[PDB]
Amino acid sequence: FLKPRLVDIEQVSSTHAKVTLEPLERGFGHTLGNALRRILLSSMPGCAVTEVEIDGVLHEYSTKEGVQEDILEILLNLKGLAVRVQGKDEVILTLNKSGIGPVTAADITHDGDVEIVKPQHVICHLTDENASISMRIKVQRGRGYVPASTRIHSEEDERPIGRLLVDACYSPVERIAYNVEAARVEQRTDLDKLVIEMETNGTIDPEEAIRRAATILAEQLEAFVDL
Amino acid sequence: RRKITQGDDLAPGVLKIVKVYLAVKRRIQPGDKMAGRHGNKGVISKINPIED
């Protein structure tokens, strides 16, 4: 079997990109196609705010006299926030704001490692001026979808009534499909090109991700070579 | 404040009643009954990953 190799990886936007491999064989474009999609949809280094301890709010079923949206909804907008990190596997930010206005993903105490993909993402609005809201945002990095429900056995003892915990959804990808077509090599019976389309929230790079996929698939080759 | 201070009398004898609220989020899982307005019914067998 003549080995495959990557041709130019089509980097067009931070949101979506397309990795492409030319030397694929008869039917392996379909073969590795669905195979890697499972990979890119399960084992993926994602970031997700997990703990949001609040200044005055005790439970996410309250409304700080000054904030616009309910606190629970503001926390779902935090689930809707896309951020990538670089070194820290655990980091806390600090939203410091007071004054009428839509608070986008810029006003937060932006750490060096913390890096928002789109700082224009308004999280919540403020309707009062003298409304001092300070909240610590504990975001960590893991993989897959991990709910606080499955983590409630340990619980880490949350006696302190200020701890609000939302779902840790470490999911970068969003919409994956792969483009199969006749590889236009000049001397071979047949080969296949694969332009793997990957939609992202905008946090993990294509080639970085595929080498990780190969690494995960590397572990997955171990046992089957040694029965 | 009048309503707040003396409007707490509930039942003769037991004038002190402590009512506590317990919010519990319940999700969708293998076994829930989903349907449509049109009349079609259904119960989720195995909620598979979006991979499939």
# chains A, B, ... in the order shown; residues from 1 in each chain; ligands from 1
call {"tool": "select_by_dssp", "arguments": {"residues": "range 25-223 of chain A", "states": "strand (DSSP E)", "output": "PyMOL selection string"}}
result
chain A and resi 45-54+83-84+90-97+101-103+115-116+124-126+133-146+163-165+168-170+173-182+192-200
call {"tool": "residues_around", "arguments": {"residues": "residue 51 in chain B", "least_positions_apart": "2", "cutoff": "9 Å", "atoms": "only C-alpha atoms", "output": "VMD selection string"}}
result
(chain A and resid 34 37 to 38 41 to 42) or (chain B and resid 48 to 49)
call {"tool": "write_last_selection", "arguments": {"atoms": "N, CA and C atoms", "output": "tab-separated table (two decimals), in the first residue's frame"}}
result
chain	number	residue	atom	x	y	z
A	34	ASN	N	-15.00	8.46	8.02
A	34	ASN	CA	-15.87	8.29	9.18
A	34	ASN	C	-15.06	7.99	10.43
A	37	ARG	N	-13.77	11.20	12.04
A	37	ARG	CA	-14.86	12.06	12.48
A	37	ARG	C	-15.26	11.68	13.89
A	38	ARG	N	-15.19	10.38	14.19
A	38	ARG	CA	-15.51	9.90	15.53
A	38	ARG	C	-14.47	10.53	16.46
A	41	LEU	N	-14.92	14.19	17.20
A	41	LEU	CA	-16.17	14.47	17.89
A	41	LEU	C	-16.21	13.92	19.32
A	42	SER	N	-15.14	13.27	19.76
A	42	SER	CA	-15.10	12.70	21.10
A	42	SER	C	-13.89	13.16	21.90
B	48	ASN	N	-27.85	8.54	20.62
B	48	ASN	CA	-26.49	8.39	20.11
B	48	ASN	C	-25.74	9.70	19.95
B	49	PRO	N	-24.40	9.63	19.91
B	49	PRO	CA	-23.59	10.84	19.75
B	49	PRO	C	-23.92	11.39	18.36
call {"tool": "interface_residues", "arguments": {"of": "chain A", "to": "chain B", "cutoff": "12 Å", "atoms": "only C-alpha atoms", "output": "list in words"}}
result
residues 33, 34, 35, 36, 37, 38, 39, 40, 41, 42, 59, 60, 61, 144, 145, 147, 148, 149, 166, 171, 173, 174, 175, 176 and 177 of chain A
call {"tool": "write_last_selection", "arguments": {"atoms": "N, CA, C and O atoms", "output": "mmCIF file, in the first residue's frame"}}
result
data_model
loop_
_atom_site.group_PDB
_atom_site.id
_atom_site.type_symbol
_atom_site.label_atom_id
_atom_site.label_comp_id
_atom_site.auth_asym_id
_atom_site.auth_seq_id
_atom_site.Cartn_x
_atom_site.Cartn_y
_atom_site.Cartn_z
ATOM 1 N N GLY A 33 -12.342 8.482 6.608
ATOM 2 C CA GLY A 33 -13.288 9.575 6.703
ATOM 3 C C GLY A 33 -14.143 9.480 7.948
ATOM 4 O O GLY A 33 -14.026 10.317 8.848
ATOM 5 N N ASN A 34 -14.997 8.462 8.019
ATOM 6 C CA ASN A 34 -15.871 8.294 9.178
ATOM 7 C C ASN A 34 -15.056 7.991 10.431
ATOM 8 O O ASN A 34 -15.430 8.386 11.544
ATOM 9 N N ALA A 35 -13.927 7.315 10.241
ATOM 10 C CA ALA A 35 -13.086 6.930 11.364
ATOM 11 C C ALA A 35 -12.615 8.143 12.153
ATOM 12 O O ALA A 35 -12.813 8.217 13.365
ATOM 13 N N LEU A 36 -12.027 9.109 11.454
ATOM 14 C CA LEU A 36 -11.507 10.321 12.084
ATOM 15 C C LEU A 36 -12.562 11.286 12.599
ATOM 16 O O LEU A 36 -12.277 12.104 13.482
ATOM 17 N N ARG A 37 -13.768 11.199 12.041
ATOM 18 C CA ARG A 37 -14.861 12.062 12.475
ATOM 19 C C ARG A 37 -15.257 11.678 13.893
ATOM 20 O O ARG A 37 -15.600 12.539 14.707
ATOM 21 N N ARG A 38 -15.194 10.383 14.189
ATOM 22 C CA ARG A 38 -15.506 9.902 15.531
ATOM 23 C C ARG A 38 -14.475 10.533 16.460
ATOM 24 O O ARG A 38 -14.799 11.029 17.540
ATOM 25 N N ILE A 39 -13.224 10.505 16.016
ATOM 26 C CA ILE A 39 -12.119 11.068 16.777
ATOM 27 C C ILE A 39 -12.341 12.553 17.058
ATOM 28 O O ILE A 39 -12.270 12.997 18.211
ATOM 29 N N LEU A 40 -12.632 13.309 16.000
ATOM 30 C CA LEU A 40 -12.821 14.754 16.112
ATOM 31 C C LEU A 40 -14.093 15.166 16.836
ATOM 32 O O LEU A 40 -14.320 16.353 17.067
ATOM 33 N N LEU A 41 -14.919 14.190 17.199
ATOM 34 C CA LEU A 41 -16.171 14.474 17.893
ATOM 35 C C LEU A 41 -16.214 13.924 19.319
ATOM 36 O O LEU A 41 -17.211 14.095 20.019
ATOM 37 N N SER A 42 -15.139 13.272 19.755
ATOM 38 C CA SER A 42 -15.101 12.705 21.102
ATOM 39 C C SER A 42 -13.886 13.159 21.903
ATOM 40 O O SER A 42 -14.018 13.902 22.879
ATOM 41 N N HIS A 59 -27.206 31.734 44.464
ATOM 42 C CA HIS A 59 -27.711 30.701 43.573
ATOM 43 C C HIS A 59 -28.111 31.290 42.230
ATOM 44 O O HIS A 59 -28.631 32.404 42.156
ATOM 45 N N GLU A 60 -27.868 30.526 41.171
ATOM 46 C CA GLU A 60 -28.180 30.955 39.813
ATOM 47 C C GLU A 60 -29.662 31.162 39.529
ATOM 48 O O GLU A 60 -30.059 31.243 38.372
ATOM 49 N N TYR A 61 -30.478 31.228 40.578
ATOM 50 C CA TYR A 61 -31.919 31.442 40.423
ATOM 51 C C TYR A 61 -32.314 32.760 41.066
ATOM 52 O O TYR A 61 -33.413 32.921 41.608
ATOM 53 N N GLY A 144 -14.219 16.106 25.522
ATOM 54 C CA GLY A 144 -15.566 15.562 25.512
ATOM 55 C C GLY A 144 -16.559 16.387 26.305
ATOM 56 O O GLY A 144 -16.280 17.527 26.679
ATOM 57 N N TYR A 145 -17.726 15.806 26.560
ATOM 58 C CA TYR A 145 -18.776 16.480 27.315
ATOM 59 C C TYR A 145 -18.852 15.919 28.733
ATOM 60 O O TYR A 145 -19.178 14.749 28.930
ATOM 61 N N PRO A 147 -20.658 16.688 32.381
ATOM 62 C CA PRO A 147 -21.608 17.458 33.187
ATOM 63 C C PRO A 147 -21.282 17.435 34.685
ATOM 64 O O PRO A 147 -20.667 16.487 35.196
ATOM 65 N N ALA A 148 -21.702 18.485 35.384
ATOM 66 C CA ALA A 148 -21.468 18.590 36.817
ATOM 67 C C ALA A 148 -22.271 17.513 37.539
ATOM 68 O O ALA A 148 -22.035 17.224 38.712
ATOM 69 N N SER A 149 -23.223 16.924 36.821
ATOM 70 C CA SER A 149 -24.067 15.870 37.370
ATOM 71 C C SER A 149 -23.237 14.612 37.600
ATOM 72 O O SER A 149 -23.335 13.967 38.645
ATOM 73 N N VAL A 166 -21.703 25.320 36.133
ATOM 74 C CA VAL A 166 -22.383 25.056 34.869
ATOM 75 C C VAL A 166 -21.684 23.893 34.167
ATOM 76 O O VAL A 166 -20.614 23.457 34.595
ATOM 77 N N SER A 171 -16.116 20.895 23.720
ATOM 78 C CA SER A 171 -16.398 20.534 22.335
ATOM 79 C C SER A 171 -16.047 21.667 21.375
ATOM 80 O O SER A 171 -16.793 22.638 21.248
ATOM 81 N N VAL A 173 -15.229 21.329 17.814
ATOM 82 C CA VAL A 173 -15.906 21.098 16.542
ATOM 83 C C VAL A 173 -17.382 21.478 16.567
ATOM 84 O O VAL A 173 -17.950 21.742 17.627
ATOM 85 N N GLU A 174 -18.003 21.499 15.392
ATOM 86 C CA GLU A 174 -19.410 21.865 15.289
ATOM 87 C C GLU A 174 -20.122 21.175 14.129
ATOM 88 O O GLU A 174 -21.264 20.733 14.268
ATOM 89 N N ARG A 175 -19.449 21.091 12.987
ATOM 90 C CA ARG A 175 -20.025 20.465 11.801
ATOM 91 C C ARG A 175 -18.926 19.883 10.924
ATOM 92 O O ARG A 175 -18.199 20.620 10.257
ATOM 93 N N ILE A 176 -18.812 18.559 10.924
ATOM 94 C CA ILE A 176 -17.783 17.904 10.131
ATOM 95 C C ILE A 176 -18.326 17.019 9.016
ATOM 96 O O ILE A 176 -19.250 16.228 9.209
ATOM 97 N N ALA A 177 -17.726 17.178 7.843
ATOM 98 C CA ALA A 177 -18.070 16.411 6.657
ATOM 99 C C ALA A 177 -16.751 16.255 5.918
ATOM 100 O O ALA A 177 -15.808 17.001 6.174
#
call {"tool": "residues_around", "arguments": {"residues": "range 118-122 of chain A", "least_positions_apart": "5", "cutoff": "9 Å", "atoms": "only C-alpha atoms", "output": "NGL selection string"}}
result
:A and (77 or 80-83 or 102-107 or 202)
call {"tool": "write_last_selection", "arguments": {"atoms": "N, CA and C atoms", "output": "compact mmCIF listing (two decimals), in the first residue's frame"}}
result
# COMPACT_ATOMS: atom_id res chain seq x y z
N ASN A 77 -24.74 31.88 28.50
CA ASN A 77 -24.07 32.69 27.49
C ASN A 77 -22.58 32.44 27.67
N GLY A 80 -21.88 29.59 25.90
CA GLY A 80 -21.82 30.04 24.52
C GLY A 80 -20.59 30.87 24.22
N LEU A 81 -19.64 30.91 25.15
CA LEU A 81 -18.41 31.67 24.93
C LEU A 81 -17.31 30.74 24.45
N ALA A 82 -16.65 31.11 23.36
CA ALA A 82 -15.58 30.29 22.80
C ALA A 82 -14.21 30.87 23.13
N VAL A 83 -13.44 30.13 23.91
CA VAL A 83 -12.11 30.57 24.31
C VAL A 83 -11.10 29.43 24.26
N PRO A 102 -23.79 46.83 27.25
CA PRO A 102 -23.59 45.42 26.88
C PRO A 102 -22.14 45.01 27.14
N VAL A 103 -21.94 44.07 28.05
CA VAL A 103 -20.59 43.61 28.37
C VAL A 103 -20.14 42.48 27.46
N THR A 104 -19.28 42.80 26.50
CA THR A 104 -18.77 41.81 25.56
C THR A 104 -17.59 41.05 26.17
N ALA A 105 -17.03 40.11 25.41
CA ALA A 105 -15.92 39.30 25.89
C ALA A 105 -14.57 40.02 25.90
N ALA A 106 -14.60 41.34 26.06
CA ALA A 106 -13.38 42.13 26.09
C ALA A 106 -13.12 42.71 27.48
N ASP A 107 -14.19 43.17 28.12
CA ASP A 107 -14.12 43.79 29.44
C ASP A 107 -13.59 42.90 30.56
N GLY A 202 -13.98 27.85 16.97
CA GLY A 202 -12.84 28.71 16.73
C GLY A 202 -11.79 28.63 17.82
call {"tool": "atom_distance", "arguments": {"atom1": "CA of residue 54 in chain A", "atom2": "CA of residue 133 in chain A"}}
result
8.3 Å
call {"tool": "closest_residue", "arguments": {"among": "A:179, A:203, A:189, A:127", "to": "residue 114 in chain A", "atoms": "only C-alpha atoms"}}
result
A:203
call {"tool": "atom_distance", "arguments": {"atom1": "CA of residue 95 in chain A", "atom2": "CA of residue 134 in chain A"}}
result
5.4 Å
call {"tool": "residues_around", "arguments": {"residues": "range 7-18 of chain A", "least_positions_apart": "5", "cutoff": "8 Å", "atoms": "only C-alpha atoms", "output": "ChimeraX atom specification"}}
result
/A:195-203,206-207
call {"tool": "select_by_dssp", "arguments": {"residues": "range 57-203 of chain A", "states": "helix (DSSP H, G or I)", "output": "list in words"}}
result
residues 71, 72, 73, 74, 75, 76, 77, 78 and 79 of chain A
call {"tool": "write_last_selection", "arguments": {"atoms": "N, CA and C atoms", "output": "compact mmCIF listing (two decimals), in the first residue's frame"}}
result
# COMPACT_ATOMS: atom_id res chain seq x y z
N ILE A 71 -29.38 35.47 36.21
CA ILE A 71 -28.03 34.91 36.35
C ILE A 71 -27.85 33.55 35.66
N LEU A 72 -28.90 32.73 35.65
CA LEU A 72 -28.82 31.43 34.99
C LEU A 72 -28.61 31.59 33.49
N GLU A 73 -29.29 32.56 32.89
CA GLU A 73 -29.17 32.80 31.46
C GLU A 73 -27.79 33.37 31.12
N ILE A 74 -27.26 34.20 32.00
CA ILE A 74 -25.94 34.80 31.78
C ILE A 74 -24.89 33.70 31.76
N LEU A 75 -25.15 32.65 32.52
CA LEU A 75 -24.24 31.51 32.62
C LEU A 75 -24.33 30.61 31.40
N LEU A 76 -25.45 30.67 30.68
CA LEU A 76 -25.63 29.86 29.48
C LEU A 76 -24.95 30.58 28.32
N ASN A 77 -24.74 31.88 28.50
CA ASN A 77 -24.07 32.69 27.49
C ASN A 77 -22.58 32.44 27.67
N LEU A 78 -22.23 31.96 28.86
CA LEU A 78 -20.86 31.64 29.20
C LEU A 78 -20.53 30.28 28.60
N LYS A 79 -21.57 29.47 28.40
CA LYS A 79 -21.40 28.17 27.78
C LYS A 79 -21.25 28.50 26.30
call {"tool": "atom_distance", "arguments": {"atom1": "CA of residue 218 in chain A", "atom2": "CA of residue 4 in chain A"}}
result
15.9 Å
call {"tool": "residues_around", "arguments": {"residues": "residue 170 in chain A", "least_positions_apart": "3", "cutoff": "10 Å", "atoms": "only C-alpha atoms", "output": "VMD selection string"}}
result
chain A and resid 42 to 49 79 140 to 146 167 173
call {"tool": "write_last_selection", "arguments": {"atoms": "N, CA and C atoms", "output": "tab-separated table (two decimals), in the first residue's frame"}}
result
chain	number	residue	atom	x	y	z
A	42	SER	N	-15.14	13.27	19.76
A	42	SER	CA	-15.10	12.70	21.10
A	42	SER	C	-13.89	13.16	21.90
A	43	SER	N	-12.71	12.71	21.49
A	43	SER	CA	-11.47	13.07	22.18
A	43	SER	C	-10.94	14.39	21.63
A	44	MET	N	-11.43	15.50	22.18
A	44	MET	CA	-11.01	16.82	21.71
A	44	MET	C	-10.71	17.81	22.83
A	45	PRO	N	-9.47	18.32	22.88
A	45	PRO	CA	-9.09	19.29	23.92
A	45	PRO	C	-9.93	20.56	23.79
A	46	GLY	N	-10.95	20.68	24.63
A	46	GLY	CA	-11.79	21.86	24.58
A	46	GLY	C	-11.71	22.65	25.87
A	47	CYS	N	-12.18	23.89	25.85
A	47	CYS	CA	-12.16	24.73	27.03
A	47	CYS	C	-13.60	25.03	27.42
A	48	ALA	N	-13.86	25.14	28.71
A	48	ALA	CA	-15.21	25.42	29.18
A	48	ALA	C	-15.24	25.97	30.59
A	49	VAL	N	-15.94	27.09	30.76
A	49	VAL	CA	-16.08	27.69	32.08
A	49	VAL	C	-16.83	26.64	32.89
A	79	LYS	N	-21.57	29.47	28.40
A	79	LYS	CA	-21.40	28.17	27.78
A	79	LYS	C	-21.25	28.50	26.30
A	140	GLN	N	-11.49	25.55	32.82
A	140	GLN	CA	-10.44	24.54	32.76
A	140	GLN	C	-10.48	23.85	31.40
A	141	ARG	N	-9.47	23.03	31.12
A	141	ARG	CA	-9.40	22.36	29.83
A	141	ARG	C	-9.26	20.84	29.91
A	142	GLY	N	-10.19	20.15	29.26
A	142	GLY	CA	-10.19	18.70	29.23
A	142	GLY	C	-10.64	18.24	27.85
A	143	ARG	N	-11.63	17.36	27.80
A	143	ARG	CA	-12.15	16.86	26.53
A	143	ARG	C	-13.56	16.29	26.66
A	144	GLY	N	-14.22	16.11	25.52
A	144	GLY	CA	-15.57	15.56	25.51
A	144	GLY	C	-16.56	16.39	26.31
A	145	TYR	N	-17.73	15.81	26.56
A	145	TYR	CA	-18.78	16.48	27.32
A	145	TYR	C	-18.85	15.92	28.73
A	146	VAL	N	-18.55	16.76	29.72
A	146	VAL	CA	-18.58	16.35	31.12
A	146	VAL	C	-19.51	17.23	31.95
A	167	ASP	N	-22.28	23.39	33.09
A	167	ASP	CA	-21.73	22.26	32.37
A	167	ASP	C	-20.42	22.51	31.63
A	173	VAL	N	-15.23	21.33	17.81
A	173	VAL	CA	-15.91	21.10	16.54
A	173	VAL	C	-17.38	21.48	16.57
call {"tool": "closest_residue", "arguments": {"among": "A:126, A:52, A:191, A:117", "to": "residue 68 in chain A", "atoms": "only C-alpha atoms"}}
result
A:126
